[PDB]
Structures are given as structure tokens and as C-alpha cells.
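Participant: Provided hereafter are the protein sequence and its experimental coordinates.
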Amino acid sequence: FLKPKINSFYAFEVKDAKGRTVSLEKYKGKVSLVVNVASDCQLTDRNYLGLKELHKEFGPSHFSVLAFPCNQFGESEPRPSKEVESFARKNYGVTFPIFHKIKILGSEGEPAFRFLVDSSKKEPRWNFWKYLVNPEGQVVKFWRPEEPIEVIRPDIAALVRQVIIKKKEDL
């Protein structure tokens with residue numbers, strides 16, 4: 001017997017910032033930019049501002065930023081999950097989902113995030129690694145935290161365009 005493997009990022013359930021179960025199936029048929037986030041690091045500001053720009057331009061019908069707080073990189077997410085979501089909303093006015101804080105490294109890795117890591121073969125080494133997930137729940141690209149929006153935005157636009165083209169064309 002050959003144990004089954006999960007095919008799609010959108011197959012998983014996760015907890016939202018308030019601790020409630022969310023199925024990621026609600027994002028099926030959309031493009032997702034999945035990012036591990038943190039409120040207390042050098043990279044926090046540029047990332048929240050940049051992700052806001054992307055979510056505003058492309059979302060929320062055919063695209064979403066999906067943000068997963070994590071305290072495993074320089075202990076840069078100390079606050080409770082609810083306060084993380086407040087931070088983001090109060091400081092940046094973001095409307096993209098901020099999920100419950102998770103573990104990504106170690107024995108206890110969040111299965112939804114481990115799926116990104118296994119598919120890309122790239123485990124985060126810091127805050128704000130980013131994973132592009134197509135409408136079928138497959139990872140098609142990743143970016144290190146060092147990479148700027150100018151090289152991420154065109155990949156998103158393309159998949160969003162094709163989502164829109166496909167929806168128009170098909171029944």
C-alpha cells in the first residue's frame with residue numbers, strides 16, 4: 001500500500017487569525033501569492049506595502065495574497081495571531097486574509113505550507129518568502145525575500161489574465 005499525496009494547496013484547511021477553521025478550497029480557480037509574514041523585522045514594511053499593492057491591483061475576485069504569520073525567523077512575529085491581524089489592518093489597511101500563526105520549519109510544519117515547500121523544493125530561510133499558486137492549486141513560481149515587486153507583478157498579471165480569459169471563453 002502506497003499512501004496518497006495531496007495534489008493541491010487549495011485542498012487544505014487552515015485556522016484564520018481568530019482561530020476558526022477555513023477551507024482553502026474557497027480559493028480554487030483563483031491565483032494566490034502565498035507568503036510567510038512577520039510584523040517585527042526589517043522587511044515588514046516594504047512587504048506589507050507591496051503585497052497591498054498587488055492585492056489591490058489584481059484581487060480579490062481572481063487573485064489573493066494569502067498571509068501566514070510565523071515566528072521562526074529571528075522571532076519576528078512575537079504577538080498573538082489576533083494582534084498580528086490587527087497590526088496589519090491598522091498599519092496598512094490590508095484586506096487580504098491573515099491566517100493564524102503557524103510553524104513552517106521543524107517536526108510540526110503546517111501541512112498547507114509544507115505543500116508549498118515540497119513542490120518548490122525551497123523551504124523559507126527568512127520571513128517573506130513567496131509562492132505563486134495557480135487556479136488548480138499548483139506552485140508555479142517562488143521568490144526569495146530579496147526579490148522586488150517589478151519581477152513578481154508580471155507573473156501574477158499573466159495568470160490573472162488567463163483566469164479572466166478562460167472564464168469569459170468557457171461555459
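Facilitator: Perfect, thanks for sending it. Residues are numbered from 1 along each chain as shown.

Participant: okay, buried residues for the helix or strand containing residue 90 please.
Facilitator: Residue 90 belongs to helix 81-92 when assigned by DSSP states H and E. By neighbour count on 16 or more other CB atoms under 10 Å, the buried set for helix 81-92 is 81, 84-85, 87-88, 92. Where you see a C-beta, it was placed from the backbone N, CA and C, and this is true even at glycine.

Participant: quick check: beta-bridge partners of the residue lying closest to residue 64 once chain neighbours are set aside?
Facilitator: Spatially, and ignoring its direct neighbours in sequence, residue 64 is nearest to residue 32 (5.5 Å; CB to CB, 6 or more residues apart in numbering). Residue 32 has these beta-bridge partners by DSSP bridges: residue 64, residue 133.

Participant: re earlier: list the contacts of the helix or strand following the helix holding residue 90.
Facilitator: Using DSSP H and E, the helix or strand that follows helix 81-92 in sequence is helix 111-120. By CB atoms under 8 Å, 6 or more residues apart in numbering, the residues outside helix 111-120 that reach it are 6, 9, 12-14, 24, 34, 36, 68, 102, 104, 109, 123-124, 131, 133, 138-139, 142.

Participant: which stretch of helix or strand covers the residue sitting nearest the centre point of the chain?
Facilitator: Nearest to the geometric centre of the chain sits residue 34, at 1.7 Å (CA atoms, centre = their mean). Using DSSP H and E, residue 34 maps to strand 31-37.

Participant: counting by contacts, list what whichever helix or strand comes after that strand packs against.
Facilitator: Per DSSP H and E, the first helix or strand lying C-terminal to strand 31-37 is helix 44-58. Secondary structure elements in contact with helix 44-58, counted by 3 or more CB pairs under 8 Å, 6 or more residues apart in numbering; DSSP states H and E, are strand 31-37, strand 63-69, helix 81-92, helix 153-169.

Participant: can I get the ones you listed in TSV with distance to residue 43?
Facilitator: Converted to TSV, the helices and strands packed on helix 44-58 look like this (distance: least, CB to CB, whole Å):
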stretch	distance to residue 43
strand 31-37	9
strand 63-69	13
helix 81-92	14
helix 153-169	18
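
Participant: what about the residue nearest to the centre of the chain, distance to residue 152?
Facilitator: 12 Å (CB to CB, to the nearest Å).

Participant: hey, what's in contact with both of the two?
Facilitator: The contact lists of residue 34 and residue 152 share 130, 132, where a contact means CB under 8 Å, 6+ apart.

Participant: check the separation of the first and last residues in stretch 67-79.
Facilitator: 15 Å (CA to CA, to the nearest Å).
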